[PDB]
Amino acid sequence: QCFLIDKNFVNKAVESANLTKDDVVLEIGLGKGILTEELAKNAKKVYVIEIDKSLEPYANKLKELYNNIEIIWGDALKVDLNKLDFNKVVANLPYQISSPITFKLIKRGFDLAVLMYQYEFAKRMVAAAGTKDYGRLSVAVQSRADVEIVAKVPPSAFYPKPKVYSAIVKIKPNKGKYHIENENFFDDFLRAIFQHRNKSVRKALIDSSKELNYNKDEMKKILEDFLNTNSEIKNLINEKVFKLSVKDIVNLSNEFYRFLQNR
Ligand SMILES: Nc1ncnc2c1ncn2[C@@H]1O[C@H](COP(=O)(O)O)[C@@H](O)[C@H]1O
């Protein structure tokens, strides 16, 4: 485990979280408890989910100085987050859980999260439409939250030093900006189209038709009919998947959902 040791990066994360004594913070991963201490100083209460009980002496040290820290010994991917009353999340994430934890957290909901990821993952999360790093992850996150990289974090900020840079990412859920009609269909639609990111949406959907439970012939005919509904749809489905904006992918998928349900 590469512990975050550089207090300057702890400070940047904590600052980005805009904490007050009315906030309740979830942290994932205890590490040395440096970040934990700063959270406890500034927030009402902090929950820490930590899988490795050999880190208990760090927990015990903290609990001597702070009365507002609760340690949950367990797997963050398994814990029922619905049962905890946090409004913010601040963590140097265990990188291996980056994707599922992000969506688990977003599903549960929060006012704001400030999370450290490996740099390449963060770049993908925030990537602009039509760029090399833009993909399913980018749209999956940006359709649900405003995201931005707060700071790049060098290997030297950790001990032992990792092989790659990390990045602090601020995530602010934003449900009403894009308004997903049906989350499960949206998820299936994203999966299908990003299996062929350099093809037109139309051709991607045909190739991946089985991801939406249609055979290739069915899907071809569906899209013929769909394209005839209006000129905007025609223009969207003929563009390359990775070139459509998040707004356009959300609206296209919403329209397609409504189309299929009507049919
Ligand atoms: N799924 C998990 N839930 C809670 N804590 C974890 C989980 N996975 C790893 N950790 C802890 O987070 C620390 C950072 O993860 P890692 O740097 O990927 O080894 C590790 O030392 C573990 O103690």
Side-chain angles (χ1 to χ4, degrees), residues 2-6 8-14 16-17 23-40 43 45-60 62-63 66 68-94 97-103 105-106 108-110 112-125 137 140-141 147 149-162 164-171:
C2 297
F3 299 105
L4 180 51
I5 61 165
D6 188 336
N8 295 293
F9 288 102
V10 170
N11 294 343
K12 286 180 185 273
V14 171
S16 194
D23 292 332
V24 174
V25 180
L26 175 59
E27 179 180 19
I28 295 158
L30 176 62
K32 301 293 205 204
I34 304 177
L35 177 53
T36 315
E37 180 158 24
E38 295 304 300
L39 297 179
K45 180 180 72 177
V46 54
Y47 290 103
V48 185
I49 303 170
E50 173 54 61
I51 206 163
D52 186 353
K53 282 178 75 67
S54 71
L55 295 177
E56 195 173 12
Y58 297 126
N60 291 329
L62 280 157
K63 287 178 177 185
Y66 301 99
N68 66 333
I69 294 170
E70 174 171 331
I71 315 291
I72 298 169
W73 299 106
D75 183 334
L77 285 183
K78 294 182 166 176
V79 172
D80 190 350
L81 304 170
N82 303 325
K83 306 270 174 174
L84 313 175
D85 69 342
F86 65 91
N87 71 325
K88 289 184 177 175
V89 190
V90 185
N92 174 26
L93 294 174
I97 74 164
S98 294
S99 190
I101 199 67
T102 294
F103 297 107
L105 288 170
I106 293 174
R108 166 61 179 83
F110 49 85
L112 192 66
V114 180
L115 305 176
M116 196 174 322
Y117 295 93
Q118 292 179 314
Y119 198 88
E120 284 290 334
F121 195 91
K123 258 173 61 176
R124 293 168 59 211
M125 291 176 67
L137 176 62
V141 177
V147 63
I149 289 170
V150 180
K152 184 155 201 181
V153 187
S156 71
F158 304 92
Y159 182 86
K161 291 176 72 182
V164 298
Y165 280 64
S166 293
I168 302 175
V169 172
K170 179 167 64 174
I171 301 167

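In this chain, residues are counted from 1 in sequence order. These numbers come from the heavy atoms of this one structure, side chains and all, not from hydrogens, waters or symmetry mates. In listed order, ligands and their atoms are each counted from 1.
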S.K.: Taking the minimum heavy-atom distance to atom 11 (C) of ligand 1, which of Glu50, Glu27, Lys78, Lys53 ranks first?
M.R.: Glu50

S.K.: Provide the number and element of each atom of ligand 1 under 4.0 Å from a heavy atom of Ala76.
M.R.: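 Answer, ordered by atom number: 1 (N), 2 (C), 3 (N), 4 (C).
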
S.K.: Tell me, yes or no, whether the heavy-atom count around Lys78 atom NZ, taken from other residues, nucleotides or ligands under 6.0 Å, exceeds 12.
M.R.: no

S.K.: Identify, by atom number and element, the atoms of ligand 1 in contact range of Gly74, meaning under 4.0 Å from any of its heavy atoms.
M.R.: 3 (N), 4 (C)

S.K.: Determine whether a donor-acceptor pair (N or O, by modelled atom type, separation under 3.5 Å) exists between the side chain of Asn87 and the backbone of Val24.
M.R.: yes

S.K.: Taking the cut-offs as 6.0 angstrom to the six-membered ring centre and 45 degrees off its axis, would you call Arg124 and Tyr117 a cation-pi pair?
M.R.: no

S.K.: Consider ligand 1: state whether an atom of it lies below 4.0 angstrom from any non-hydrogen atom of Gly31.
M.R.: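 The answer is no: ligand 1 sits nowhere under 4.0 Å from a heavy atom of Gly31.
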
S.K.: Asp52 versus ligand 1: do any nitrogen or oxygen atoms come within less than 3.5 Å of each other?
M.R.: no

S.K.: Quick one: do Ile171 and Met125 satisfy side-chain contact (heavy atoms from CB on, under 4.5 Å)? Show the steps, please.
M.R.: CA-CA 10 Å; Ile171 301 167; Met125 291 176 67; 4.2 Å; yes

S.K.: Say whether, by atom type as modelled, one donor and one acceptor occur between the side chain of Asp23 and the main chain of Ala43 under 3.5 angstrom.
M.R.: no

